[PDB]
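First come two forms of one protein chain, each written alone as structure tokens, so that there is a structure 1 and a structure 2.
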Structure 1
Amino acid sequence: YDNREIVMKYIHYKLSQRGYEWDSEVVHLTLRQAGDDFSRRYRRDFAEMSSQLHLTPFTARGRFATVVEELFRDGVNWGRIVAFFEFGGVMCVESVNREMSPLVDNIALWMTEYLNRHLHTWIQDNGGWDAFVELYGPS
């Protein structure tokens, strides 16, 4: 329910910063800023989809899985879910920069269910989604 919408607007927003755009709102806003604080630690002393991989329409599900596994290999926290959202965004903007985009909808359904099935359980334990805003809100 919730997680489908949260992915929608977060991907929505990640298009804007690359001169692009395609198809309780305090959650969506805080997560948008968290990904910005996160990304200007990234692109600060890094580079963008520059440390990239070889992304085809057929390997994207493999690289998504490899990265997402290793991201949560040893626990789940809020800072890593922001990375999970940031990574999912890095997928979509590398797509249009590499001439794919209906992949985005796949990536969008590669983040929702993963929250629904394997992340939903940890979310409600540490206070639900409204716990994320309480810890990253007035900051």
Structure 2
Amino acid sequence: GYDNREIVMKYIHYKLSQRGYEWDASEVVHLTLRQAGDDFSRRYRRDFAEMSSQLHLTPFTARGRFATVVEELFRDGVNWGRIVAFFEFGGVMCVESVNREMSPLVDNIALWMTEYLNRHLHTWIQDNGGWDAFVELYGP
């Protein structure tokens, strides 16, 4: 386990580099989340195909859409699958930001994700075994 900020930073850096974008700022947690995120994306590629246009992302819409989506995602519960979806949704927001010539937003989204993990998911994560539990359920 340890630090949510680093977990976010590493996840976002990886998702962006996959699209060839280099973003200026144990390891088993980072790798496991990468693997899970990639399988999530691989499986539900088609399902979220339209998403980037559904997002309709602008500097004025970004924070509101993030809140709306993340708050609704976890309204009636939390589980590791929903958390992986959360990370993937963030990744999509970042990729779309660069695409819509809003690359500075990437830093804001990383902050929003970090804050949300620290202030709203932290309790559930610790009560359910920490990132160590995630590693055992999802990783090698």
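Numbering for residues begins at 1 and runs along the sequence of structure 1. Between two forms, the rigid core is defined as the largest C-alpha subset superposing within 1.5 Å.
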Handout entry: Core-superposed comparison between structure 1 and structure 2: the option from 50, 77, 33, 66 whose CA moves 2 angstroms or more
Key = 50
Completion exercise
Aligning on the rigid core, one finds that residue 90 shifts at its CA between structure 1 and structure 2, in Å, by 0.4
Handout entry: Backbone CA shift between structure 1 and structure 2, residue 18, after core fitting (angstrom)
Key = 1.7
